[PDB]
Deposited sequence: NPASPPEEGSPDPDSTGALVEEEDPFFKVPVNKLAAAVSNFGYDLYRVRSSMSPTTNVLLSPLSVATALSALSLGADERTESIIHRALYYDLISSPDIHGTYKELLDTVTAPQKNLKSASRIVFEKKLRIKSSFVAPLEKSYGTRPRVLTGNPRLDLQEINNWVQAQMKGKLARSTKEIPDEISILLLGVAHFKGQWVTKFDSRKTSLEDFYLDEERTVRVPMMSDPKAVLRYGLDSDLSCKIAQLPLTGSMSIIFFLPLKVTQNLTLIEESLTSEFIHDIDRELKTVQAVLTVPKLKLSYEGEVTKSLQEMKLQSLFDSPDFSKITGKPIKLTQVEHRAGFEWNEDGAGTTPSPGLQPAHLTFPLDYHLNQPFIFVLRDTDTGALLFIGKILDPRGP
């Protein structure tokens, strides 16, 4: 509907979960915009790091500009204050050691700019991050950033070398990395090269992990025309696979459904079954700019002439938003485990997976896998 009312599903009535649903819904919008731009390539995305940079920035923004941002983050549908106080919490929860997610955001400003401490104060408190002011020296500024996303990602992300843009006003950076563990490991001796249908005309061989007697939560959505399965990870997390029925690169109907609320129903409507599971080994990375995506996400106003007078007196505008993500999984797990039910779940064709946090329900990672072999 779109109007302000009180929450019903007890899950979203919790403030931190409510905030996670908004930020996550922003993630889904971004994914949909980006998937539309990359019709033939894998899409790896960890929206949280980017959503956090926007929300942090919105601190030194004024009414009109702030709203533009708040509306893209679904905050205007949250009838609760201390939205930043809650964000501090959410972050504390999903970045905890037990999870295996490392997510960081950074606001970078143009050379010689002077930032009002009234802005730095709220920012460092709620988001635990200080703004970096560019040096002007191209080689020195790029070193700084790389060392930053290095100390942050504990050196699990490829040190970039794209050379910061000549023209920079405000730069937002969102980096994230993930290497987790299933509650049940896979037999490394059961992993073999198998056929992966890239599409109806092309096939390739990628190493596939296997478990002929896997216990996962399953469900078939007749409308979307796909098979949904959920595998748990240690640290109270899960991965949801959306496997279409026929081989295809067209996953639109499905993508169009991805929302926080939709995922909550699927999570509960799922039934535990036993299945023959084969999932490809995955090790992916992505380093790009999502500025063009945000531009057609009702966020153009920020690249034009926004009002950030709460940050500085000089007119500054959102110039670029960069994202660096690294995702990976394999056999590593925690431990192991009349009349049955048949069930095949073979991920040997284009699919979409969603790494979600079980406690808050926050979207930690999303990917459209057209080719396991990676970029």
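According to the record, no C-alpha positions are given for deposited positions 1-15, 353-360, numbered from 1.
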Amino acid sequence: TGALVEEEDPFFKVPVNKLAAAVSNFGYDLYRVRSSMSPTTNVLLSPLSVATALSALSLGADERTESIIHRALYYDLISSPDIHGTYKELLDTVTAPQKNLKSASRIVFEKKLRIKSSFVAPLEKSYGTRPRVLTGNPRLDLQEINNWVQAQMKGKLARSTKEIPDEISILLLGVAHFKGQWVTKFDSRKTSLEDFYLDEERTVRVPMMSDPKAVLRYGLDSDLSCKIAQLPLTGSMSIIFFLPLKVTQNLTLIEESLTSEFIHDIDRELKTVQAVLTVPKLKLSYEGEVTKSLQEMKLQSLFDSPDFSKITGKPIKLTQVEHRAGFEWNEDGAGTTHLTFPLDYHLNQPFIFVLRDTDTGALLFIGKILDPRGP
From here on, numbers count along this sequence of modelled residues.
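Stretch comparison (233-241 versus 115-123) by mean CA B-factor in the PDB entry places 115-123 on top. Higher mean CA B-factor, judged across 81-89 and 223-231 from the recorded values: 81-89. Within the group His177, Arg217, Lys213, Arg132, the record's highest C-alpha temperature factor is found at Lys213.
When the C-alpha B factors of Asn330, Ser35, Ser46, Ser55 are read from the deposited coordinates, the top value falls at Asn330. Residue-level temperature factors show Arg106 in the lowest third of its chain, judged at the C-alpha atom. Ranked against the other modelled residues of its chain, the C-alpha B-factor of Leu73 as given in the entry falls in the lowest third. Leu294: CA B factor lies in the middle third for its chain, per the PDB record.
Per-chain ranking of the deposited C-alpha B factor places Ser309 in the middle third.
Annotation for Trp182: C-alpha temperature factor in the middle third relative to the rest of the modelled chain, per the entry.
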